[PDB]
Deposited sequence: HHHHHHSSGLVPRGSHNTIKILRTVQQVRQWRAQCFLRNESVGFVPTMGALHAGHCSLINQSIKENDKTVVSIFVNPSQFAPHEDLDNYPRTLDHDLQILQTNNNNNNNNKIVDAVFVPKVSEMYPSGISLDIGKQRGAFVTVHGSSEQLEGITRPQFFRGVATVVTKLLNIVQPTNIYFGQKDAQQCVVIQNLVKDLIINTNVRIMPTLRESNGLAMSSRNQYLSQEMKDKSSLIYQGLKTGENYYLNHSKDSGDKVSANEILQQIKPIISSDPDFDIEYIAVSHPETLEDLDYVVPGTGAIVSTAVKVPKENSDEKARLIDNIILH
């Protein structure tokens, strides 16, 4: 009837053991808090597909680099609980939310200084170094490590991720494949504002004109997608797809394009051709102006070719 807040691993074990006893499937949505409509899309899918659903809220230290001041990451638990309650008014419910301390998730300790780290860590080699990993070479080892721990605590039937973090989704798919984990990885299409802007935590605090300006990014990617579709079931030049997107995201002089890539959906290696039956991940990272000064927000988005 109401959401159980689980603070410790043993509390989750007890909660999950009762799900086991009841023969209930268990969906799992991992988050770092600061919930928004995108997270609710995942949660609502978990509720459709599973008898019971649990959400985690944990700001994972090991995906941050030492030069980042992790102490100013926003803690918004009361807000997040409200999101979860308001979404529940709009539907089974979210049954439990897991909000651990760092020491529960890292019983042997954790440092941002990799030279000081101790204990078990997981690296998905070959999925972690390119694209988003270039500016954050430590990031996907942190992600794979904490998702492994969460999967071992919750032991879900299904775990849910949003397509907007495309490389992250590939890292998790290969994590589950390679560690041979008994869970389904469910990748949900990105939830978008009306104008096509991918949902993010920035959205709700930007002016309408700000969000409208940023919707050009998706508009660029959609043009590349429409190009590939018209050419069918013969292979399509990846570079020719890139030439449809870049001039459109370039149409705004204020945007700084960090990359636009056409990548194999399993190995993330650059493609020369997109083949129907295999497809591609077409992803980008773009710097857009924030509100004032020279501070700029880094937005990512992508579209999947099949």
Counting from 1 along the deposited sequence, what's missing?
-> 1-16, 108-110, 252-254
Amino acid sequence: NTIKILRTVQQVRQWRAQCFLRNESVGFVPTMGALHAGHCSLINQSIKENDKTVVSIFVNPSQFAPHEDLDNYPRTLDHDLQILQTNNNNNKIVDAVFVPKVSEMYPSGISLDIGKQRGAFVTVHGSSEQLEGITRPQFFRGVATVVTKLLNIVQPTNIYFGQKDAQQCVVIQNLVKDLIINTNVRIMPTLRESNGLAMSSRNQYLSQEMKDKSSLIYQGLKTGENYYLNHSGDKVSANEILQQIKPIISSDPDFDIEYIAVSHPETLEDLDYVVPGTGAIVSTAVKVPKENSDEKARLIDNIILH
From here on, numbers count along this sequence of modelled residues.
Of 53-61 and 277-285, the stretch whose C-alpha atoms average the higher B-factor in the entry | 277-285
Higher-scoring stretch by recorded Cα B factor average, 201-209 or 123-131 | 201-209
Which of these has the highest Cα B-factor in the record: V29, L35, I47, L242?
-> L242
Taking the values straight from the PDB record, which of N182, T86, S111, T145 has the highest C-alpha temperature factor?
-> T86
Quick tally, chain-level thirds of C-alpha B-factors: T223 sits in the highest
Could you tell me which third, lowest, middle or highest, the C-alpha B-factor of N195 occupies within its chain?
-> middle
Relative to the other modelled residues of the same chain, rank the CA B-factor of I217 and answer lowest, middle or highest third.
-> middle
How does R22 rank on Cα B-factor within its chain, lowest, middle or highest third?
-> middle
For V236, the third of its chain into which the C-alpha B factor falls | highest
